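The file start.txt comes next; it holds compact mmCIF, C-alpha atoms.
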# COMPACT_ATOMS: atom_id res chain seq x y z
CA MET A 1 125.54 81.48 76.92
CA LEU A 2 126.05 85.27 77.24
CA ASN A 3 127.43 87.49 74.47
CA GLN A 4 130.99 88.80 74.92
CA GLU A 5 129.66 92.34 75.57
CA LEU A 6 127.14 91.45 78.29
CA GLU A 7 129.74 89.40 80.07
CA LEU A 8 132.10 92.32 79.90
CA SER A 9 129.46 94.55 81.39
CA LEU A 10 129.00 91.97 84.14
CA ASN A 11 132.65 91.44 85.03
CA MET A 12 132.71 95.23 84.86
CA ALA A 13 130.07 95.96 87.51
CA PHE A 14 131.25 93.04 89.62
CA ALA A 15 134.83 94.29 89.62
CA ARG A 16 133.46 97.63 90.72
CA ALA A 17 131.55 96.18 93.67
CA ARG A 18 134.69 94.53 95.04
CA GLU A 19 136.82 97.65 94.62
CA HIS A 20 134.25 99.51 96.76
CA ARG A 21 133.89 96.33 98.79
CA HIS A 22 130.09 96.04 98.51
CA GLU A 23 128.52 93.04 100.26
CA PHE A 24 125.91 92.44 97.63
CA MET A 25 125.65 92.99 93.98
CA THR A 26 122.12 94.14 93.21
CA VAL A 27 119.95 94.71 90.18
CA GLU A 28 120.65 98.39 90.56
CA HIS A 29 124.30 97.55 90.22
CA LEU A 30 123.33 95.77 87.03
CA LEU A 31 120.85 98.11 85.41
CA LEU A 32 123.59 100.59 86.01
CA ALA A 33 126.44 98.68 84.50
CA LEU A 34 123.92 98.20 81.73
CA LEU A 35 123.73 101.91 81.02
CA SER A 36 127.08 101.59 79.26
CA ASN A 37 126.34 98.41 77.36
CA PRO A 38 125.83 98.66 73.56
CA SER A 39 122.73 96.51 73.26
CA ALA A 40 121.16 97.88 76.43
CA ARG A 41 121.56 101.60 76.04
CA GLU A 42 120.60 101.57 72.36
CA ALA A 43 117.23 100.48 73.57
CA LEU A 44 117.31 103.04 76.34
CA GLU A 45 118.50 105.88 74.09
CA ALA A 46 115.69 104.84 71.76
CA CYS A 47 113.15 105.43 74.54
CA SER A 48 114.62 108.85 75.16
CA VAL A 49 116.21 107.99 78.51
CA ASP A 50 118.29 110.57 80.37
CA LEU A 51 121.37 108.36 80.40
CA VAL A 52 122.89 110.82 82.86
CA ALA A 53 120.02 111.38 85.30
CA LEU A 54 119.69 107.58 85.55
CA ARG A 55 123.34 106.88 86.18
CA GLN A 56 123.17 109.48 88.98
CA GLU A 57 119.96 108.22 90.66
CA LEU A 58 121.37 104.68 90.62
CA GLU A 59 124.96 105.42 91.70
CA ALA A 60 123.36 107.43 94.46
CA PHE A 61 120.95 104.73 95.57
CA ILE A 62 123.53 101.98 95.24
CA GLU A 63 125.47 104.02 97.76
CA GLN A 64 122.87 104.90 100.40
CA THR A 65 121.74 101.26 100.66
CA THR A 66 124.37 98.73 99.84
CA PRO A 67 125.90 97.21 102.92
CA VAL A 68 129.70 97.33 102.90
CA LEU A 69 131.94 94.63 104.27
CA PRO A 70 133.92 95.25 107.47
CA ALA A 71 137.47 96.25 106.49
CA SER A 72 138.36 93.43 108.94
CA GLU A 73 137.79 90.07 107.14
CA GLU A 74 138.26 89.02 103.45
CA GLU A 75 136.64 85.54 103.80
CA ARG A 76 133.55 86.96 101.93
CA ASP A 77 132.80 87.69 98.25
CA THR A 78 130.14 89.90 96.62
CA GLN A 79 126.90 87.96 96.90
CA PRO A 80 124.37 88.46 94.05
CA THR A 81 121.03 89.49 95.49
CA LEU A 82 118.26 86.99 94.89
CA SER A 83 116.72 89.55 92.57
CA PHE A 84 119.87 89.64 90.53
CA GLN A 85 119.96 85.92 90.22
CA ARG A 86 116.35 85.96 89.03
CA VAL A 87 116.76 88.66 86.42
CA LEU A 88 119.76 86.97 84.97
CA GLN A 89 117.87 83.74 84.81
CA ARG A 90 114.64 85.04 83.32
CA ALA A 91 116.83 86.41 80.51
CA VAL A 92 118.82 83.27 79.87
CA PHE A 93 115.66 81.22 79.88
CA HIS A 94 114.00 83.41 77.28
CA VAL A 95 116.93 83.65 74.92
CA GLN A 96 116.79 79.88 75.20
CA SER A 97 113.18 79.63 73.97
CA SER A 98 114.09 81.64 70.90
CA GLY A 99 116.93 79.36 69.87
CA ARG A 100 119.42 82.19 69.24
CA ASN A 101 122.52 81.06 71.15
CA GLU A 102 123.48 84.36 72.79
CA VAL A 103 121.82 86.55 75.46
CA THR A 104 122.13 90.26 74.92
CA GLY A 105 122.27 93.23 77.21
CA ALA A 106 118.78 94.30 76.15
CA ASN A 107 117.63 90.77 76.93
CA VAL A 108 118.63 91.42 80.51
CA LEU A 109 117.18 94.90 80.48
CA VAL A 110 113.77 93.49 79.67
CA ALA A 111 114.29 91.07 82.51
CA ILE A 112 114.78 93.68 85.14
CA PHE A 113 111.26 94.96 84.56
CA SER A 114 109.99 91.81 86.15
CA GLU A 115 111.67 92.29 89.55
CA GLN A 116 108.84 94.55 90.62
CA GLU A 117 110.22 95.52 94.02
CA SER A 118 113.60 96.61 92.84
CA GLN A 119 114.60 100.25 92.57
CA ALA A 120 116.12 99.63 89.18
CA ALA A 121 112.63 98.94 87.98
CA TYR A 122 110.98 101.84 89.79
CA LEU A 123 113.66 104.05 88.29
CA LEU A 124 113.12 102.73 84.77
CA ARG A 125 109.41 103.26 85.27
CA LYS A 126 109.96 106.77 86.58
CA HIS A 127 111.87 107.59 83.43
CA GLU A 128 108.73 106.65 81.53
CA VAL A 129 110.19 103.40 80.08
CA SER A 130 108.01 100.26 80.04
CA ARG A 131 108.74 96.62 79.32
CA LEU A 132 106.70 96.91 76.11
CA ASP A 133 108.77 99.84 75.00
CA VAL A 134 112.04 98.02 75.44
CA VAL A 135 110.65 94.88 73.96
CA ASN A 136 109.06 96.70 71.03
CA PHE A 137 112.35 98.20 70.29
CA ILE A 138 114.12 94.86 70.34
CA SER A 139 111.63 93.07 68.18
CA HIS A 140 111.38 95.66 65.46
CA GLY A 141 112.92 99.02 66.17
CA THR A 142 110.18 101.53 65.55
CA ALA B 1 100.46 106.96 91.41
CA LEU B 2 103.86 105.13 91.77
CA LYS B 3 106.20 104.92 94.81
CA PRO B 4 109.76 103.74 95.36
CA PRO B 5 109.82 100.22 96.89
CA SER B 6 109.42 100.00 100.66
CA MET B 7 112.22 99.19 103.10
CA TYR B 8 112.12 95.97 105.05
CA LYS B 9 112.73 95.17 108.67
CA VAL B 10 114.55 91.88 109.01
CA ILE B 11 113.21 89.95 111.97
CA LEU B 12 114.46 87.09 114.11
CA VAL B 13 111.83 84.84 115.60
CA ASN B 14 112.29 82.98 118.79
CA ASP B 15 111.79 79.28 119.14
CA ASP B 16 112.16 76.80 121.93
CA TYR B 17 114.69 74.50 120.35
CA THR B 18 117.30 76.81 118.85
CA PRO B 19 120.24 77.26 121.15
CA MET B 20 120.80 80.86 122.11
CA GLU B 21 124.46 80.73 121.32
CA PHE B 22 123.35 79.99 117.75
CA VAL B 23 121.09 82.98 117.73
CA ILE B 24 123.91 85.10 119.05
CA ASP B 25 126.17 83.71 116.35
CA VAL B 26 123.60 84.28 113.65
CA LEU B 27 123.29 87.85 114.84
CA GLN B 28 127.07 88.28 114.80
CA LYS B 29 127.75 86.56 111.52
CA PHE B 30 124.85 87.91 109.45
CA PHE B 31 124.35 91.28 111.05
CA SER B 32 127.82 92.45 112.07
CA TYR B 33 127.09 92.82 115.77
CA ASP B 34 129.65 92.80 118.56
CA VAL B 35 128.96 90.48 121.43
CA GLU B 36 127.62 93.19 123.73
CA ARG B 37 124.72 94.09 121.43
CA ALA B 38 124.40 90.69 119.87
CA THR B 39 123.69 89.10 123.23
CA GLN B 40 121.15 91.79 124.10
CA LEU B 41 119.30 91.46 120.81
CA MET B 42 119.20 87.79 121.47
CA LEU B 43 117.63 88.45 124.86
CA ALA B 44 115.02 90.43 123.10
CA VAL B 45 114.28 87.63 120.70
CA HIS B 46 114.14 85.22 123.57
CA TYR B 47 111.99 87.23 125.89
CA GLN B 48 110.18 89.65 123.55
CA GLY B 49 109.44 86.78 121.20
CA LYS B 50 111.03 88.34 118.13
CA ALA B 51 113.48 91.15 117.38
CA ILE B 52 114.27 93.52 114.57
CA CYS B 53 117.76 92.75 113.34
CA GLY B 54 118.17 95.49 110.77
CA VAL B 55 116.43 97.40 108.02
CA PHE B 56 117.22 97.24 104.32
CA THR B 57 115.91 97.59 100.78
CA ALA B 58 113.39 94.88 100.01
CA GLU B 59 115.77 93.64 97.36
CA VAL B 60 118.45 93.11 100.02
CA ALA B 61 116.40 91.97 103.02
CA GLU B 62 114.89 89.17 100.94
CA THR B 63 118.42 87.93 100.47
CA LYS B 64 119.52 88.28 104.08
CA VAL B 65 116.41 86.50 105.17
CA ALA B 66 117.28 83.70 102.81
CA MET B 67 120.93 83.38 103.89
CA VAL B 68 120.12 83.48 107.58
CA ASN B 69 117.42 80.87 107.10
CA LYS B 70 119.75 78.46 105.22
CA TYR B 71 122.54 78.75 107.75
CA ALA B 72 119.90 77.93 110.27
CA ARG B 73 118.76 74.94 108.23
CA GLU B 74 122.35 73.81 107.61
CA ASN B 75 123.31 73.91 111.28
CA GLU B 76 120.16 71.96 112.02
CA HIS B 77 118.04 74.42 114.00
CA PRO B 78 114.57 75.90 113.41
CA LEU B 79 115.70 79.51 113.95
CA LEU B 80 113.24 81.48 111.85
CA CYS B 81 114.24 84.61 110.00
CA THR B 82 111.58 86.84 108.43
CA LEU B 83 111.02 90.25 106.96
CA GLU B 84 108.33 92.89 107.23
CA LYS B 85 107.65 96.25 105.53
CA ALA B 86 109.15 99.19 107.45
This structure in structure tokens:
Amino acid sequence: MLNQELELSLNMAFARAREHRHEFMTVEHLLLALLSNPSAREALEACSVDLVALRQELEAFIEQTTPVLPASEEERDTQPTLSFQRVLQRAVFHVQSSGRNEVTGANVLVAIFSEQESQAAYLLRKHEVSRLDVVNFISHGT
Amino acid sequence: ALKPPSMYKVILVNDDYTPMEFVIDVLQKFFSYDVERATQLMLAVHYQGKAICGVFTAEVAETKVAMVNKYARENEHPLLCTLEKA
């Protein structure tokens, strides 16, 4: 089960991908919607992330590459890339092996790092963040 | 030291049992082609042996390859869809 906030952030980015009529919702869509998620950004801020240079780089890349539906037919709905599906699952599955009943934004953030061929991850890694870093912050704070 | 993730070509591989109309349909449904081009591309597949249907981010292509392959599987034909690095 996902925490109220994460689910907001999801419904948020989803609702955005329909308004711009994007065929697929990617990780990049996610990592991005994550940028304005309490739990997520705290971690990011804590790693000294340019919350603005990211947002740009992502918004920008989401654009150049996300196929858009033909204005013609509406018998199609935003399909989650496989990568999205996987991130989301690696996070639910971990929050599950910790007993705590709710998955947090940061929980998902850590997940993204594991989709090694996504941009969202290359971005995060370009901004000097690392899984450890995010994880270290969530486990203790430092 | 690090590089943004490659782009992937999404290929269609010819086979002797898949009906061409299916291939054409797959091309139209999953790649937004009009009949003119769709039929051509099919002819490539058929005579070339394979054909590049489009080029996307690895993250996306993996997904198109999966959808095309299922549809194939669901409509009971061996039409193979693959991907390659740009």
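Considering only C-alpha atoms, the residue among A:129, A:35, A:16, A:64 positioned nearest to residue 56 in chain B is A:64.
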*For chain B, report every residue with an atom at most 12 Å from chain A (counting only C-alpha atoms), formatted as a list in words.*
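Those within range of chain A come out as residues 1, 2, 3, 4, 5, 6, 7, 8, 29, 30, 31, 32, 33, 54, 55, 56, 57, 58, 59, 60, 61, 62, 63, 64, 65, 66, 67 and 85 of chain B.
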_Gap from CA of residue 133 in chain A to CA of residue 11 in chain A - Å, one decimal_ =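 Computed distance, CA of residue 133 in chain A to CA of residue 11 in chain A, equals 27.2 Å.
When CA of residue 69 in chain B is paired with CA of residue 21 in chain A, their separation reads 24.1 Å.
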_So the first atom is CA of residue 22 in chain B and the second is CA of residue 71 in chain A; what is the distance between them in Å, to one decimal place?_
24.3 Å
*Excluding residue 54 in chain A and any residue of its chain fewer than 4 positions from it, enumerate the residues within 9 Å of it, using all atoms listed in the file, and give them as an MDAnalysis selection string.*
chainID A and resid 32 35 49:50 58:59 123:124 127
_Need the shell around residue 25 in chain B: protein/DNA/RNA residues with any atom at most 12 Å away, counting all atoms listed in the file. Skip same-chain ones fewer than 2 positions apart. Format as JSON, numbers by chain?_
{"B": [18, 19, 20, 21, 22, 23, 27, 28, 29, 30, 31, 32, 33, 34, 35, 37, 38, 39, 41, 42, 68, 71, 72, 75, 79]}
For the residues selected in the previous step, produce a file with C-alpha atoms as a compact mmCIF listing (two decimals), keeping the file's coordinate frame.
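The resulting file, selection33.txt, is shown below:
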# COMPACT_ATOMS: atom_id res chain seq x y z
CA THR B 18 117.30 76.81 118.85
CA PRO B 19 120.24 77.26 121.15
CA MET B 20 120.80 80.86 122.11
CA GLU B 21 124.46 80.73 121.32
CA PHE B 22 123.35 79.99 117.75
CA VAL B 23 121.09 82.98 117.73
CA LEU B 27 123.29 87.85 114.84
CA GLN B 28 127.07 88.28 114.80
CA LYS B 29 127.75 86.56 111.52
CA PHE B 30 124.85 87.91 109.45
CA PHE B 31 124.35 91.28 111.05
CA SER B 32 127.82 92.45 112.07
CA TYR B 33 127.09 92.82 115.77
CA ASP B 34 129.65 92.80 118.56
CA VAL B 35 128.96 90.48 121.43
CA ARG B 37 124.72 94.09 121.43
CA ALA B 38 124.40 90.69 119.87
CA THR B 39 123.69 89.10 123.23
CA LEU B 41 119.30 91.46 120.81
CA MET B 42 119.20 87.79 121.47
CA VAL B 68 120.12 83.48 107.58
CA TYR B 71 122.54 78.75 107.75
CA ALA B 72 119.90 77.93 110.27
CA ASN B 75 123.31 73.91 111.28
CA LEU B 79 115.70 79.51 113.95
*Using all atoms listed in the file, which residues sit within 6 Å of range 95-103 of chain A once same-chain residues fewer than 4 positions away are excluded, as a list in words?*
residues 1, 2 and 3 of chain A
_Can you tell me which residues surround residue 44 in chain A at a distance of at most 10 Å, considering all atoms listed in the file, apart from same-chain residues fewer than 2 positions away, and format the answer as a PyMOL selection string?_
chain A and resi 34-35+38-42+46-51+106+109+124+129+133-134+137
C-alpha atoms of the current selection, written as a PDB file, in the frame of the given file:
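Below is the file that was written, again_25.pdb:
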ATOM      1  CA  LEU A  34     123.920  98.200  81.730  1.00  0.00           C
ATOM      2  CA  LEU A  35     123.730 101.910  81.020  1.00  0.00           C
ATOM      3  CA  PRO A  38     125.830  98.660  73.560  1.00  0.00           C
ATOM      4  CA  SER A  39     122.730  96.510  73.260  1.00  0.00           C
ATOM      5  CA  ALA A  40     121.160  97.880  76.430  1.00  0.00           C
ATOM      6  CA  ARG A  41     121.560 101.600  76.040  1.00  0.00           C
ATOM      7  CA  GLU A  42     120.600 101.570  72.360  1.00  0.00           C
ATOM      8  CA  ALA A  46     115.690 104.840  71.760  1.00  0.00           C
ATOM      9  CA  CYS A  47     113.150 105.430  74.540  1.00  0.00           C
ATOM     10  CA  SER A  48     114.620 108.850  75.160  1.00  0.00           C
ATOM     11  CA  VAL A  49     116.210 107.990  78.510  1.00  0.00           C
ATOM     12  CA  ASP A  50     118.290 110.570  80.370  1.00  0.00           C
ATOM     13  CA  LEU A  51     121.370 108.360  80.400  1.00  0.00           C
ATOM     14  CA  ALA A 106     118.780  94.300  76.150  1.00  0.00           C
ATOM     15  CA  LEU A 109     117.180  94.900  80.480  1.00  0.00           C
ATOM     16  CA  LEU A 124     113.120 102.730  84.770  1.00  0.00           C
ATOM     17  CA  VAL A 129     110.190 103.400  80.080  1.00  0.00           C
ATOM     18  CA  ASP A 133     108.770  99.840  75.000  1.00  0.00           C
ATOM     19  CA  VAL A 134     112.040  98.020  75.440  1.00  0.00           C
ATOM     20  CA  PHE A 137     112.350  98.200  70.290  1.00  0.00           C
TER      21      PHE A 137
END
_Counting all atoms listed in the file, the residue of A:142, A:36, A:107, A:23 that sits nearest residue 87 in chain A_ =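 That would be A:107, the residue with the smallest distance to residue 87 in chain A.
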*asked:* For residue 82 in chain B, find every residue with an atom within 7 Å (counting only C-alpha atoms), except residues of its own chain fewer than 4 positions away, and show them as a ChimeraX atom specification.
replied: /B:10-12,65
_I need the residue nearest residue 70 in chain B from this list: B:26, B:44, B:86, B:13. Use all atoms listed in the file for the distance._
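For residue 70 in chain B, the nearest of the given residues is B:26.
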